[PDB]
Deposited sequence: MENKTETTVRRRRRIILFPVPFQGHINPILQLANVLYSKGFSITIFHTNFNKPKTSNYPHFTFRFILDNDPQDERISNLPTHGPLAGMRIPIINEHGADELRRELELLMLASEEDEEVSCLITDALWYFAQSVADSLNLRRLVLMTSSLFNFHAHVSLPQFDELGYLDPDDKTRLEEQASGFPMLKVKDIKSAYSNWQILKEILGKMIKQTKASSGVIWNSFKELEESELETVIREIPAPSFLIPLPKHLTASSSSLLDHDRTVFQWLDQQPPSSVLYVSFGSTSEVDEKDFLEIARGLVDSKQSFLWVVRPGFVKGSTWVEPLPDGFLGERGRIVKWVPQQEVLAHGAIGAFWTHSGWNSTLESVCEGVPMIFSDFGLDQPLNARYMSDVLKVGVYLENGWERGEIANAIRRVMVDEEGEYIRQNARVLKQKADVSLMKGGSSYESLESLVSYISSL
């Protein structure tokens, strides 16, 4: 019998894939321990088959992380702080668990978010193999490792619409948006890459037929074995939701004709102007399509939730809610399209449910995902120039209704079919999971 310890980053887009992976590995016969902060902890009662151990921010909470806001952009300061200072405690917790191990039980490996680069030297010091879960795409990584060529060209130092000389698949404007914050994030990024290369294995939330152009880069740049597993095709992340679901949406979805509803969501941490929020809204009302919008409290700047919106503005065709089981909504027959911020989990969920997309972005990997999806795979339309009520209306209608958008809708159906085929025997994802289990078992 073999145990795997998994250590996620405590944010929705990072907890979701790591607990999907944990469930996949449990289904293959491993026992599971989750090391987690108290901050943003998921509902442990949803996981009776996992053992949770809460670490790093137990009371008395430390002076370096105590006082930190639980919401907003500053909540992410916990990540560099834990990387810088958490090694001693992580080692103690791993050793305690390895000690209490049953006689017939061995800890096979530690799997961490790639962002926990500090865990490599900790695992090394215990003779414990560490594997890394990437929560972003292979294409994004390929763009990472190409930054030197980008740096020389001054792309990183603020000709927007031409293709990048290194990357034909990207525009210069994409690269400028993705790496707008290079002084600040550059340090974390380099160490994350270095310790991912130095790990014992890299698990990617993707599949070969989604990112075939990128496989050779990962083989060449990362000496450790890579595994591609499309986690949403195995199970949804419903059980790791950090917020209560509004399931009243499914009764409303059941009142809509097939493929008639635009699902709209900009993720778990994006935020917008009071100006932009009302323009998007008019863009939705203008498209004349039915829509289900998820607006996270605080998504709006200056408002607690949605106060700028006049009572009844959405009228007959629109509903706004705070939070849903997103992949389950995307699977509903009423959904015709997904207007997304292009976060990687959302993008992959939509791909796995065969839903074509309209793309916005808020930087980081998001513009790269939108570019790849829209121009390589051609499963959506990219709103790559801000929020205009007009342009929004046309993109929505092009994907949902226009005969001219039929190829985008068909591409999304075919790509979902490829995801499904990949989990079949002899499929790429099946073989990658088979390889991952036997590899972990050999450790």
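No C-alpha positions are given in the record for the deposited-sequence stretches 1 to 11, 170 to 173.
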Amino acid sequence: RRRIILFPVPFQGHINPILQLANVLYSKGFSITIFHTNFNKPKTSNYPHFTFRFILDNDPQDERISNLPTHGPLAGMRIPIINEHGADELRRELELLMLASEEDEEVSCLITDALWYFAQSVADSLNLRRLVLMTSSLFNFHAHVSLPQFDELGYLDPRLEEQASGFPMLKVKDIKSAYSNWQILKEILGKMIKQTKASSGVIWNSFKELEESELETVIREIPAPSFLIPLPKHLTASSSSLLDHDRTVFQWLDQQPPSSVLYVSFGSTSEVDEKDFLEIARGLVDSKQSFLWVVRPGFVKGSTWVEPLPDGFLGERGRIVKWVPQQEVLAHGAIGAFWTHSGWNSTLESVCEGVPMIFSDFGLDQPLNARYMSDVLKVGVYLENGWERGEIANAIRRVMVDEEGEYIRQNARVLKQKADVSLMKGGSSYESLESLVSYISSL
From here on, numbers count along this sequence of modelled residues.
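The term rigid core refers to the most C-alpha atoms you can superpose between the two forms while keeping them within 1.5 Å.
Between 217 to 225 and 180 to 188, the larger mean CA deviation from the shown form in 8 other deposited structures of this protein, after core superposition, belongs to 180 to 188. Root mean square Cα distance to the shown form, taken over structures and residues in 8 other deposited structures of this protein after a core fit, is higher for 303 to 311 when 350 to 358 and 303 to 311 are compared. The deposited model assigns a higher average Cα B-factor to 169 to 177 than to the other stretch when 169 to 177 and 200 to 208 are compared. Higher mean CA B-factor, judged across 397 to 405 and 22 to 30 from the recorded values: 397 to 405. Take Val107, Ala331, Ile358, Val306 and read off each C-alpha B-factor from the entry; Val306 has the highest. For the set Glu84, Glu152, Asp246, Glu89, the PDB entry puts the maximum C-alpha B factor at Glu152. Ranked by Cα temperature factor within the chain, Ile5 sits in the lowest third according to the deposited record. Per the PDB record, residue ranking by Cα B-factor puts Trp387 in the highest third of the chain. In the deposited entry, the Cα temperature factor of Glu349 sits in the bottom third of values across the chain's modelled residues. When all modelled residues of the chain are sorted by CA temperature factor, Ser66 is found within the highest third.
Among all modelled residues in its chain, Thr269 ranks in the highest third by Cα B-factor.
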